[PDB]
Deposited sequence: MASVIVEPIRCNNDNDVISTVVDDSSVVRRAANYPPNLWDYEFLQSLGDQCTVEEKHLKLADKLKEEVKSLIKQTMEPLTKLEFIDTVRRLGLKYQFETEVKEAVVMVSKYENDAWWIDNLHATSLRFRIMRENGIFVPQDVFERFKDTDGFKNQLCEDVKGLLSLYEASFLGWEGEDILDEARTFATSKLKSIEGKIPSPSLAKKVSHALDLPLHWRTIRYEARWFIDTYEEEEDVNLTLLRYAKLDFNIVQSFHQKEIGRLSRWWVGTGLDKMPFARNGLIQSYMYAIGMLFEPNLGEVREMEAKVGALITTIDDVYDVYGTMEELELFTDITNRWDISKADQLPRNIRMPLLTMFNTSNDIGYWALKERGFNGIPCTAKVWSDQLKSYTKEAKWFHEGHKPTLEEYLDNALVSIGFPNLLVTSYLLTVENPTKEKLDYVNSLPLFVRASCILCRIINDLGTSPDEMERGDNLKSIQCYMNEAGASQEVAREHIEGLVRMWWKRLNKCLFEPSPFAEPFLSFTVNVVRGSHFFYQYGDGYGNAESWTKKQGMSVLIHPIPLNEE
C-alpha cells in the first residue's frame, strides 16, 4: 500500500498461516496454577497472588478459582492481617470491590489525621501505590477515596523517575500514566509478564503459564488478523486515499475491548465495524462535500442503495461496504442467534451518520455548542453506541427488538461508557476547533485551556464512579456485555494517552512477536 500501513496486509495474512508439545504443557501448567489459587495461603499472600493472576491476563482461565479465593478471604474472621497496613487495606478494598464484595471507604479513615492522610505514609511507596490503585474503585460521594487519589498521586509524583528500586520504579511510573483500573487487560498482560519476571516474589510456574497462554491466545489473534486483512483488501478500502491503518487500528482497539479466544467471531465483527467507523468518519470529515454526504446519509437512513452510483468511487465503496458488512453482521445474528440483526445494524449506522451531520452543520454554521449539547451528540459520533449495541446483538441470550431498543436507549451504564470514550479521545489532542470537549467548555464558562482540561478530567473521574457503581447493580446486563462496556473505556485511555512508533511497539509485542519461552 501507499502510503505504507504499520504492517503490509500480505505480511499480516502471513502471520496465522505453537508445537503440540506446548498445548499439552499448557494444560499441565494450567492445572498447577489452579492448585496454587486453591491452596491455603495467608490472606494477604492469596490476594497478591490473584491480583498477579489478573495482571498477567489469566483471570479468564481461573474465574471460578479466583472468585472462590476472594470469597474465602472476605470470610477470614480475624482482620489483624490488614488493619493498620495501608498496602493490605488498599489491595483488599480493591480486590473485594472488583469482585462485587462491598468494602466501605471508612477502612481508610485510620490512615488520616485531622488535616488529611498522614504525611508519614510517604515513607512506604508500596502502600501509596496500592492506595492510588484502590482509589479508582470508588463511587460518587466517597470523598475519602478522592482525598486518597489526590494524596497518593501527589506523593508518588514527588518520587516518579527517582525511585532506586527497579520494579517499584517501573510500576509507579506506569500507574501515574494510567491506573491499573483504566488499563486494558490484554496490553497490561504483555507489559506485566516482563515486570513480574523482574519482581522478588516471582512464581516461575505462574510466569511460565502466563507466557505459554499469552503465545497460544496470540496465535488465535494472528489468524483473526489474517482473515480481517483478507476481508479488508477484499473491500478495496485499503486503497482509499484516507483511513491509513484503519483496519489494524480497529483490531488493536478490539483486543482492548475483548481478547478471549472464545469471543473470536464477535471480535472479528467488532473490528470490521471499527474499521468502517474510522473510514466513514474520514469520508465525512476529510473527503466528502456536504451534498455527497447528504446522499450518503439518506441512502443509509432508507437502507436503499438504488442511488449509490451517484457517489464517486471513493465514497461509494465505503458506503456499500458499510451496507454489505451491516447485512452480514445482522445475518450472523439470524443464523447463529435466531434473530435478524439487520434492522439493528442499519439503525445504529443511521444514528451515527445523523450525529456526523449535526457536527458538520455546527461546523459550517459557525455554531459553538455548550459542553452538554456537544457531548449528547459526540457520545454518538465517536461510534461506541454502534460498537456496543452491535456487541450486545451478537452476545445477549435470546436477542429481541425490545432488548436491542433498551441498549440503544442509553441506560446510564452505556451512556457513561460512550461519554467516557468521547471525552477521553478529546483529552488526547495536543495543539488544537470549537467542536471538542475542552474548547466547548472554554467557550461556555470563559475558562482557560488549563482550567477547562481540569474540568473534563473531573468529568472522566465522575463517569468512572457511575460505571463502578453500576457494576454493583448490573441490572439487565450480564457478561460478556458488562466487560465490553468497561473495556472500551480502557481501550480509549490506553490509545489516547496525553505515536505511530508507540502503536507499532504495542502491536509488535501483543500481536506479532511471540514471548520467548525457555522450554
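Numbering the deposited sequence from 1, one finds several regions with no C-alpha coordinates, namely 1-32, 50-52, 468-472, 539-544, 566.
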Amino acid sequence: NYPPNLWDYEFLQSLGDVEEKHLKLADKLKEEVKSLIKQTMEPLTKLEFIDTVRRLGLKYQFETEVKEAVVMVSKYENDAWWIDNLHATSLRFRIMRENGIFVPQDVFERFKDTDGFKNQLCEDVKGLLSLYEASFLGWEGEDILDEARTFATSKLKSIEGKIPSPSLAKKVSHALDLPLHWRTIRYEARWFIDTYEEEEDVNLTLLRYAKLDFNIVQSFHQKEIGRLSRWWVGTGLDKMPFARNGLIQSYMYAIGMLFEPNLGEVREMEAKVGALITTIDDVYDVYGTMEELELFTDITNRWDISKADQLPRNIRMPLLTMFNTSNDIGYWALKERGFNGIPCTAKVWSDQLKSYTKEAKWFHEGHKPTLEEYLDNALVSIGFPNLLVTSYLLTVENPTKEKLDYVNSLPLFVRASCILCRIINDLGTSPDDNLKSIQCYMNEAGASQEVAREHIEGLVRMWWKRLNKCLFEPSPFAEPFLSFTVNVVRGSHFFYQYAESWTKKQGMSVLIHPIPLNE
From here on, numbers count along this sequence of modelled residues.
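When the two stretches 169-177 and 445-453 are set side by side, the higher mean Cα temperature factor goes to 445-453. Look at the C-alpha B-factors of 107-115 and of 305-313. On average they run higher in 107-115. If you compare the C-alpha temperature factors of 77, 270, 351, 147 in the entry, 77 comes out highest. Remark: of 35, 468, 52, 485, 35 shows the highest value [criterion: C-alpha B-factor in the PDB entry]. Annotation for residue 369: CA B-factor lies in the highest third of the chain's modelled residues. Annotation for residue 40: C-alpha temperature factor in the highest third relative to the rest of the modelled chain, per the entry. Annotation for residue 472: C-alpha temperature factor in the highest third relative to the rest of the modelled chain, per the entry. Placement of the Cα temperature factor of residue 496 within the chain: middle third of the modelled residues, per the deposited record. Among the modelled residues of its chain, residue 135 has a C-alpha B-factor that falls in the lowest third according to the deposited record.
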